[PDB]
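*Asks:* Below is the structure I would like to discuss, written out as structure tokens.
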Amino acid sequence: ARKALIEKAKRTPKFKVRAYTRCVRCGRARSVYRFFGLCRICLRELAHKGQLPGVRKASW
Amino acid sequence: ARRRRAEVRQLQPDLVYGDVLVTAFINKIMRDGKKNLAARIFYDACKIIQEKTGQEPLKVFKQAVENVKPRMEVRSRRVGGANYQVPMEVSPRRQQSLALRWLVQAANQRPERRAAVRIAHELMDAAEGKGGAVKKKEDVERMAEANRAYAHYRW
Amino acid sequence: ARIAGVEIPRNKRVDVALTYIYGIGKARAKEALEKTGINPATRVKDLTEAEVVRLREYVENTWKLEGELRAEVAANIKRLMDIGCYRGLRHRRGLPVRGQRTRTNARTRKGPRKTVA
Amino acid sequence: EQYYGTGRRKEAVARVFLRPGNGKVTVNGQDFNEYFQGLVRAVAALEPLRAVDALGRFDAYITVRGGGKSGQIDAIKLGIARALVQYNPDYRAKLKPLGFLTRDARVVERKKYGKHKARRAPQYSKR
Amino acid sequence: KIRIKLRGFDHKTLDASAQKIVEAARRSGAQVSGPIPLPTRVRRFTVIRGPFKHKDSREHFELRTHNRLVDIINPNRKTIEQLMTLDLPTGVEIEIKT
Amino acid sequence: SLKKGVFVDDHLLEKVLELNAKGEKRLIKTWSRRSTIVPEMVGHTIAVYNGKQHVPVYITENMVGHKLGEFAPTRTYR
Amino acid sequence: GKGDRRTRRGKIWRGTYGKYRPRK
RNA sequence: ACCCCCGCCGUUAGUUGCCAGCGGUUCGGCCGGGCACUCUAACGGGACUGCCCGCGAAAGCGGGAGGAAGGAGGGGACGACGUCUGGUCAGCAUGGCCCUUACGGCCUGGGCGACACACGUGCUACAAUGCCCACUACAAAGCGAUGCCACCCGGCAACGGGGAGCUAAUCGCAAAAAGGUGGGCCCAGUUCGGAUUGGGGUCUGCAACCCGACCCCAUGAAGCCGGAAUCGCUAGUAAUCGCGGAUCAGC
RNA sequence: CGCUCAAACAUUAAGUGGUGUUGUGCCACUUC
Ligand SMILES: [Zn+2]
């Protein structure tokens, strides 16, 4: 229930209730930023990677 | 503080009496930052002064804190394991921390309902001495007297 | 004066006096004073003879309270007990009935702590 | 004719319009003592006026905004000081020393992460 | 009589095109207000630094958005054309109304 | 808690509305512990599921505004 | 108190307004 | 140290603000009007033990003036060679290993929320520096187009209907709360404390029994400041008061 | 209030014992 799990969040054959956000890259269901479509873990990487437009290290 | 002596913190003078002792004790009645309460309480106390005694409020306030002002406290010194209570002098900037505080206690021990009248009537008995705040001074002073035995560790 | 048949609120705010009445609180106390137009300030020791009668005839006749109310509460529970439902099994054992905590807390309907371990 | 300075304090900034006259002190409308009803911290604002004896000779229409109530009075201090030092540069020799022309950068420091209140670590444990 | 909104993620490139706009416009017809530096939105998304049970020492970034405004009273037939063959942004956003 | 259209599942009403046609028995396998007891399903004995099995429980007149799940515990120890 | 479900000092904590808090 | 925020000033800008300046005013920054200031957000300036004196071999230290800011101005970003054979193969990657009408796939439902009990972390308090209620006032940084919902109506209310504007420094979440003023309560297990429970009720969502959030009546508990021990903070800190956001149909 | 006990708990990385304090009848030694 890892592989097949990802292909379940693209179908939505039943109620909209059973719909949830899924990490595009990895496949996590927890900590998925509705802005990126990524999970807290990797979007951090792709944030070290500068492959994320605009996204920059912040300090104040 | 192990590095520097840590210079004492200077607070701003009163806004009605212009004195660095008044506000020094105000923030002492102050709880959680509500500087207003303790201030109002304080003055409503000095209004009790001018009603009970024809004296001037700040006068009975200067003489009150002075009375509950510890001359010689008792502290603890370590001399090779053994742990005594070596008495000695009370730093001139401690007498002021304590005294202003030691009125706070007994005024919060009073049966009186309103807070103004607990610091008012208490400061009217501190300048007298018979107050139950000075009875927190007379006590610690006794602990030093009776301990004047182990005085040869006065450092 | 005995208002709830046997309950006697006296010597205090007439509005708050009705609070100690089983079935009356802080919302029904502001209602009976406005339907009989009575002073919510004056104490109970001093009011019209027709006012003790006024609130006694009204209040004790407006709805259910006192002991006949507690009476029904027990029954309502005794109905959750008889057939034996879930919102019944929670009275029947004494645990909380809102699916709350039981692994910790819940001492309100679990009594004092028992330890043993 | 006019005097002006610019004093700030914790987001709460304040302008200062000085004009020769009575002792009138209107701040964004609002009578002076009125806009600080029941606030002992008030009377501290008009401090740079008794250090110059020109309290009963100068009105002043203030325009403060931002921050809380008590912090504002601090943005009126820096302002009244800069206003009576502009049209009067000589009052500065005996003004700055007593302490009246300083920003005072004491600001609520950012809350840290791993804390509730920046300098507030979760009640430690070990059991 | 004409307004334009410049949104972007890099104020360096955004400010260069904001200034680029004034040169052509002004110096060919209409009175034109300089670059108006509008308030700055910032999307700060904080995240747990570690990949597991390490709720602390985390790391957070921000997605700054720079917004600048410029107006141009008269849309000169000489400027309308002066603002189509000289405009070469990149990762910038622009909008035009009336 | 719902108020308009007291919720339920149609299947169960399906297999029971035929029981009101010629009043036969009162037996049926169910899975909708969610649904609401019908004031018209009085006297039947439904078997409600709880993750473990089916519990045959009789319905009366007092219990109506409740659900089947109430009369079908899920915690082995009641 | 702040833990009250029927006071001004309560509704200012539970987010809700209800009867005991100004509204349209 | 080179970077960012906050402190002082100036340049560039005037759909943010301003009877400051005058004119009209439904006397509301609402119209004209203006860039001053406030602000907004970019560019730079500034502070280098530089100046004075004292101490000193130098480095450096102590004192004073100027100054918005001194001796690192407050705050962040930044964590070495390695250690913990620390953590995670369940985020992903990945050698080895086992399963393969199955250790894989589906679904409804249950469960992860079970309670004789124990620890960590928490919130609310046990009240007169307070509880309650009315009126009245002041933030920052943020977030919002089947989302934020102005205002009108019903309703005790949660809410619903009607409907304006808003992809937003233009509309909206928006009352900030404690504060201020007036009022009540008058030391009581209380108008403290709101745990628990009965009844009625609203909304999201196929569906709230197991298990949701919230409203009203009612019921109103342990609780009168906490043993051993133990916890945080050197200043706008602790404490104390609020507000929003990520996650989300809701919680 | 003092005195004896079997536990819950607290002191230590851990163990042990001790002890602290409630409950009950009236720092030492050690970690194969
Ligand atoms: Zn990922």
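Every residue, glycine among them, receives a Cβ derived from its backbone with ideal geometry; neighbour counts consider all protein chains shown. FYI, it's all coordinate maths here, none of it is from the lab.
*Asks:* Over chain F, calculate the relative contact order: mean separation of alpha carbon pairs under 8 Å at least 6 apart, over the residue count, as a percent.
*Replies:* Working: 108 pairs, mean separation 20.6, N = 78.
26 percent.
*Asks:* Within chain C, what is the longest stretch that has no GluC sites (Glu not before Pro) placed in a DSSP loop and near at most 15 other beta-carbon atoms within 10 Å? Write out the running numbers ahead of the final one.
*Replies:* Numbers: sites that count: C:31, C:34.
Longest run free of exposed loop sites: C:35-117.
*Asks:* Can I ask one more? Give me B:102, G:13, C:63 sorted ascending by neighbouring Cβ count inside 10 Å, so fewest comes first.
*Replies:* Values: B:102 22, G:13 13, C:63 10.
With the fewest neighbours first, B:102, G:13, C:63 line up as C:63, G:13, B:102.
*Asks:* Just name one of F:23, F:48, F:38: the one whose Cα is farthest towards the positive end of the charge dipole of chain F (beta-carbon charges, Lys/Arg +1, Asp/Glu -1).
*Replies:* Highest projection toward the positive end goes to F:48.
*Asks:* Once you keep just the Cα pairs under 8 angstrom separated by 6 or more residues, what percentage relative contact order results for chain A?
*Replies:* Relative CO of chain A lands at 18 percent.
*Asks:* In degrees, nearest 10, range 0 to 90: what is the angle between the Cα axis of helix C:49-62 and the longest Cα principal axis of chain C?
*Replies:* 30 degrees
*Asks:* Can I ask one more? Order the peptides B:118-125, F:1-8 from the highest to the lowest mean number of other Cβ atoms within 10 Å of their residues.
*Replies:* Working: B:118-125: 24.0, F:1-8: 8.1.
Going by the mean number of other Cβ atoms within 10 Å, highest first, we get B:118-125, F:1-8.
*Asks:* As a test, work out the antiparallel percent of DSSP beta bridges whose residues both lie in the protein assembly as shown, rounded to the nearest 5. Don't jump to the answer; show the numbers that get you there.
*Replies:* Working: 41 of 43 bridges.
About 95 percent, rounded to the nearest 5.
*Asks:* Of all the C-alpha pairs in the protein assembly as shown, what % are more than 49 Å from each other?
*Replies:* Details: 113449 of 216811 pairs.
Percent of Cα pairs beyond 49 Å in the protein assembly as shown: 52.
*Asks:* Assigning unit charges at the beta carbon (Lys, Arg +1; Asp, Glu -1) and nothing else, what dipole magnitude in debye, to the nearest 20, does chain B show about its Cα centre? Write down the numbers at each step before the final one.
*Replies:* Values: 33 positive and 18 negative charges, 162 e Å.
Dipole of chain B, to the nearest 20 debye: 780 debye.
*Asks:* Just want the ordering: D:35, F:77, D:87, from fewest to most Cβ atoms lying within 10 Å of their own Cβ. It would help to have the intermediate numbers written out before the result.
*Replies:* On the way: D:35 18, F:77 5, D:87 13.
In order of increasing Cβ crowding within 10 Å: F:77, D:87, D:35.
*Asks:* Compute the distance from the alpha-carbon center of segment E:77-96 to that of segment A:4-22, in whole Å.
*Replies:* Cα centroid of segment E:77-96 versus Cα centroid of segment A:4-22: 44 Å apart.
*Asks:* Which of the GluC sites (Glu not before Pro) across segment B:1-85 are loop residues per DSSP, with 10 or fewer other Cβ within 10 Å? Intermediate values should be presented prior to the final figure.
*Replies:* Details: sites: B:7, B:51, B:66, B:73; in loops: B:7, B:73.
Here the GluC sites (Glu not before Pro) that fit, given the DSSP loop and packing criteria, are B:7.
*Asks:* Residues of A:47-57, mean number of Cβ from any other protein chain within 10 Å of their own Cβ, rounded to a whole number?
*Replies:* Working: counts 5, 2, 0, 0, 0, 2, 4, 10, 7, 6, 4.
Across A:47-57, the average partner-chain Cβ count within 10 Å equals 4.
*Asks:* Then there's this: Could you give the nm distance between label points at residue C:98 and residue E:30, where each point is 7 Å from its Cα heading toward the beta carbon?
*Replies:* Between residue C:98 and residue E:30, the label points sit 6.3 nm apart.
*Asks:* Calculate the length of the line joining the C-alpha centroid of segment B:1-65 to that of segment C:25-49, in whole Å.
*Replies:* Measuring centre to centre over Cα atoms gives 46 Å.
*Asks:* Among B:80, B:131, B:54, whose mean-square fluctuation peaks in a Gaussian network model of chain B (Cα, cutoff 10 Å)?
*Replies:* B:80
*Asks:* Using a 10 Å cut-off on Cβ to Cβ distances, tally the other chain neighbours for every residue of F:66-74 and report the average as a whole number.
*Replies:* On the way: counts 6, 3, 1, 2, 8, 6, 2, 4, 1.
Other-chain Cβ atoms within 10 Å of each residue's Cβ, averaged: 4.
*Asks:* Assuming a ≥ b ≥ c are the square roots of the Cα gyration tensor eigenvalues, decide whether segment D:17-66 counts as rounded (a/c under 1.5), prolate (otherwise, with a/b larger than b/c) or oblate.
*Replies:* Numbers: a/c = 1.87, a/b = 1.28, b/c = 1.46.
Oblate.
*Asks:* Residues of C:84-94, mean number of Cβ from any other protein chain within 10 Å of their own Cβ, rounded to a whole number?
*Replies:* Mean shielding count: 4.
*Asks:* Which of B:136, B:69, B:52 moves the most in a Gaussian network model of chain B with Cα springs under 10 Å?
*Replies:* B:52
*Asks:* Using only Cα atoms, locate the centre of segment B:92-155 and the centre of segment F:38-60, then give the distance between them in Å, rounded to an integer.
*Replies:* Each part's Cα centre sits 76 Å from the other's.
*Asks:* Among the trypsin sites (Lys or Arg not before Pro) in segment D:33-70, which ones are in a DSSP loop with at most 16 other Cβ atoms within 10 Å of the Cβ? Mind listing them?
*Replies:* Working: sites: D:41, D:50, D:57, D:65, D:69; in loops: D:41, D:50, D:57.
Listed in order of number, the matching sites are D:50, D:57.
*Asks:* Separate question: Using the Cα centre of the protein assembly as shown as the reference point, and only Cβ charges (+1 on K/R, -1 on D/E), how large is the resulting charge dipole? Debye, rounded to the nearest 20.
*Replies:* The dipole of the protein assembly as shown has a size of about 3660 debye.
*Asks:* Straight-line reach from residue B:130: which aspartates and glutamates have Cα under 14 Å away, leaving out those fewer than 8 places along the same chain?
*Replies:* Leaving aside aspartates and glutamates fewer than 8 places away in the same chain, those within reach of residue B:130 are B:66, B:122, B:138, B:139.
*Asks:* Where does helix E:11-26 land angle-wise versus the long Cα axis of chain E, in degrees 0 to 90, nearest 10?
*Replies:* With rounding to tens, the tilt is 10 degrees.
*Asks:* Listing C:59, C:116 from the residue with the fewest other Cβ atoms within 10 Å to the one with the most, what is the order? Mind dumping the intermediate values first?
*Replies:* Working: C:59 22, C:116 4.
So the residues, fewest neighbours to most, are C:116, C:59.
*Asks:* Considering only Cα-Cα distances, which of the following residue pairs are longer than 30 Å: A:14/F:29; F:3/G:24; A:8/F:52; A:14/G:19; D:115/G:19? Kindly include the intermediate steps, with their values, before the conclusion.
*Replies:* Details: A:14/F:29 24 Å; F:3/G:24 25 Å; A:8/F:52 27 Å; A:14/G:19 39 Å; D:115/G:19 36 Å.
Distance filter (> 30 Å) returns A:14/G:19; D:115/G:19.
*Asks:* May I pose another question? Express the relative contact order of chain B as a whole percentage, based on alpha carbon pairs under 8 Å and six or more residues apart in sequence.
*Replies:* Details: 210 pairs, mean separation 40.4, N = 155.
Computed over chain B, the figure is 26 percent.
*Asks:* Calculate the radius of gyration of the Cα atoms of segment B:22-155 to one decimal place, then report Dmax, the largest Cα-Cα distance, as a whole number, both in Å.
*Replies:* For segment B:22-155, the Cα radius of gyration and maximum Cα-Cα distance read 16.9, 57 Å.
*Asks:* Also: Taking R0 as 51 Å, what's the FRET efficiency between residue A:46 and residue E:85 from their Cβ-Cβ distance, rounded to 0.05? The partial results should precede the final answer.
*Replies:* Working: r = 37 Å, r/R0 = 0.73.
The computed FRET efficiency comes out at 0.85.
*Asks:* Specify the angular offset, from 0 to 90 degrees and rounded to the nearest 10, of the alpha carbon long axis of helix D:69-86 from the longest principal axis of the alpha carbons in chain D.
*Replies:* Helix D:69-86 and the main axis of chain D meet at about 40 degrees.
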